[PDB]
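Undergrad: Dropping the structure in here first, questions after.
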Amino acid sequence: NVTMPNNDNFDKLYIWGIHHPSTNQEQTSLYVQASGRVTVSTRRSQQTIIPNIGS
Amino acid sequence: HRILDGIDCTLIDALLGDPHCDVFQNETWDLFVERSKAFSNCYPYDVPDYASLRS
């Protein structure tokens, strides 16, 4: 749960991402949880993604 | 024309039924005018493809 405000007087652009594993185990291996989840929002925004495990 | 001052209400909010747009119930028009001083005061929300739900 991280928060990072914007105080400056200009629009900030964030480039991020999410990782998709090849096996239901490559997940386990790396992220423990059997099903990732990522959310990036703001007071007006909001977008959430869930990994698609596969090959 | 049939002009309708959105006043503080934004068409979407007038739609959903913000606690304070009750005033604009069952409204109608020809040209809905959206104002700047306008705001929404109700459970924050996100309308995907807001543009269209608007348009």
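Quick note on naming: the chains in the structure tokens go A, B, ... in the order shown, residues restart at 1 in each chain, and ligands are numbered from 1 in order of appearance.
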Mind checking which residues fall within 9 Å of stretch 27-32 of chain A, counting only C-alpha atoms, ignoring those fewer than 6 positions away in the same chain, and posting them as a ChimeraX atom specification?
TA: /A:20-21,53
Undergrad: Would you export the selected residues with N, CA and C atoms as a compact mmCIF listing (two decimals), in the first residue's frame, please?
TA:
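Saved as again-v2.txt:
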# COMPACT_ATOMS: atom_id res chain seq x y z
N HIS A 20 3.31 -11.08 -15.93
CA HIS A 20 2.52 -12.28 -16.16
C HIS A 20 3.41 -13.47 -16.19
N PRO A 21 3.24 -14.42 -15.25
CA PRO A 21 4.09 -15.63 -15.23
C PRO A 21 3.71 -16.72 -16.24
N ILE A 53 -1.79 -15.75 -16.11
CA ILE A 53 -0.68 -16.68 -16.07
C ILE A 53 -0.78 -17.50 -17.33
Undergrad: Using DSSP on the backbone coordinates, identify all residues within chain B classified as helix (DSSP H, G or I); present the result as a ChimeraX atom specification.
TA: /B:11-16,22-24,50-54
Undergrad: Just the residues within 10 Å of residue B:22, please, counting only C-alpha atoms, with nothing from its chain fewer than 5 positions along; format it as a VMD selection string.
TA: chain B and resid 9 13 to 17
Undergrad: If you keep C-alpha atoms, can you produce a file of those selected residues as a PDB file, in the first residue's frame?
TA:
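Saved file again39.pdb follows:
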ATOM      1  CA  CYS B   9     -24.394  19.705 -11.084  1.00  0.00           C
ATOM      2  CA  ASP B  13     -23.992  13.598 -11.467  1.00  0.00           C
ATOM      3  CA  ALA B  14     -27.415  14.957 -12.404  1.00  0.00           C
ATOM      4  CA  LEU B  15     -27.847  11.503 -13.906  1.00  0.00           C
ATOM      5  CA  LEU B  16     -26.658   9.259 -11.144  1.00  0.00           C
ATOM      6  CA  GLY B  17     -28.377  11.454  -8.590  1.00  0.00           C
TER       7      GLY B  17
END
Undergrad: List the spatial neighbours of residue B:24 as a list in words - criterion: any atom at most 12 Å away, only C-alpha atoms, same-chain residues fewer than 3 positions off excluded.
TA: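 That gives residues 4, 5, 6, 7, 8, 9, 10, 11, 12, 13, 14, 15, 16, 17, 18, 19, 20, 21, 27, 28, 29 and 32 of chain B.
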Undergrad: Can you pull out every residue from chain A that DSSP, working from the backbone, puts in strand (DSSP E), and format the result as a PyMOL selection string?
TA: chain A and resi 38-40+47-49
Undergrad: Based on the selection just made, write N, CA and C atoms of those residues as an mmCIF file, in the first residue's frame.
TA:
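File part_21.cif, as written:
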data_model
loop_
_atom_site.group_PDB
_atom_site.id
_atom_site.type_symbol
_atom_site.label_atom_id
_atom_site.label_comp_id
_atom_site.auth_asym_id
_atom_site.auth_seq_id
_atom_site.Cartn_x
_atom_site.Cartn_y
_atom_site.Cartn_z
ATOM 1 N N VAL A 38 -2.855 -5.578 -9.052
ATOM 2 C CA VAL A 38 -2.208 -4.264 -9.055
ATOM 3 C C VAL A 38 -3.199 -3.153 -9.289
ATOM 4 N N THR A 39 -3.129 -2.110 -8.473
ATOM 5 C CA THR A 39 -4.033 -0.983 -8.613
ATOM 6 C C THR A 39 -3.267 0.317 -8.498
ATOM 7 N N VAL A 40 -3.505 1.244 -9.413
ATOM 8 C CA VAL A 40 -2.834 2.542 -9.405
ATOM 9 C C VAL A 40 -3.928 3.592 -9.568
ATOM 10 N N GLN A 47 -7.296 2.470 -11.873
ATOM 11 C CA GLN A 47 -7.213 1.403 -12.849
ATOM 12 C C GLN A 47 -6.574 0.176 -12.187
ATOM 13 N N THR A 48 -7.189 -0.997 -12.308
ATOM 14 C CA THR A 48 -6.653 -2.173 -11.646
ATOM 15 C C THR A 48 -6.477 -3.261 -12.623
ATOM 16 N N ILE A 49 -5.423 -4.049 -12.428
ATOM 17 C CA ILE A 49 -5.098 -5.159 -13.318
ATOM 18 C C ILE A 49 -4.845 -6.460 -12.571
#
Undergrad: Suppose you want the space between atom CA of residue B:36 and atom CA of residue A:14; what is it in Å?
TA: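 Between atom CA of residue B:36 and atom CA of residue A:14 the gap works out to 27.3 Å.
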Undergrad: Would you give me, as a Markdown table, each residue of chain A having an atom within 12 Å of an atom of chain B, along with its shortest atom pair and that distance in Å to one decimal, using only C-alpha atoms and sorting by chain and residue number?
TA:
| residue | atom | partner | partner_atom | distance |
| --- | --- | --- | --- | --- |
| A:41 | CA | B:46 | CA | 10.5 |
| A:42 | CA | B:46 | CA | 10.7 |
| A:43 | CA | B:44 | CA | 8.2 |
| A:44 | CA | B:46 | CA | 7.3 |
| A:45 | CA | B:46 | CA | 7.0 |
| A:46 | CA | B:46 | CA | 7.2 |
| A:47 | CA | B:46 | CA | 9.4 |
| A:48 | CA | B:46 | CA | 12.0 |
Undergrad: Hey, can you spit out that residue selection with N, CA and C atoms as a CSV table (one decimal), in the first residue's frame?
TA:
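And here is the file that came out, part-v8.csv:
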chain,number,residue,atom,x,y,z
A,41,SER,N,-4.1,4.4,-8.6
A,41,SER,CA,-5.2,5.5,-8.7
A,41,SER,C,-4.9,6.8,-8.2
A,42,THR,N,-5.9,7.7,-8.2
A,42,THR,CA,-5.8,9.0,-7.7
A,42,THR,C,-7.1,9.4,-7.3
A,43,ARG,N,-7.3,10.7,-6.9
A,43,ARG,CA,-8.7,11.1,-6.5
A,43,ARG,C,-9.6,11.0,-7.7
A,44,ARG,N,-9.2,11.3,-8.9
A,44,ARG,CA,-10.1,11.2,-10.1
A,44,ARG,C,-10.0,10.0,-10.9
A,45,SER,N,-8.8,9.4,-10.9
A,45,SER,CA,-8.4,8.2,-11.7
A,45,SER,C,-8.8,6.9,-10.9
A,46,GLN,N,-8.1,5.8,-11.4
A,46,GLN,CA,-8.2,4.4,-10.9
A,46,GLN,C,-8.2,3.4,-12.0
A,47,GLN,N,-7.3,2.5,-11.9
A,47,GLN,CA,-7.2,1.4,-12.8
A,47,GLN,C,-6.6,0.2,-12.2
A,48,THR,N,-7.2,-1.0,-12.3
A,48,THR,CA,-6.7,-2.2,-11.6
A,48,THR,C,-6.5,-3.3,-12.6
Undergrad: Please, what distance in Å, to one decimal, runs between atom CA of residue A:37 and atom CA of residue B:42?
TA: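 Atom CA of residue B:42 lies at a distance of 27.1 Å from atom CA of residue A:37.
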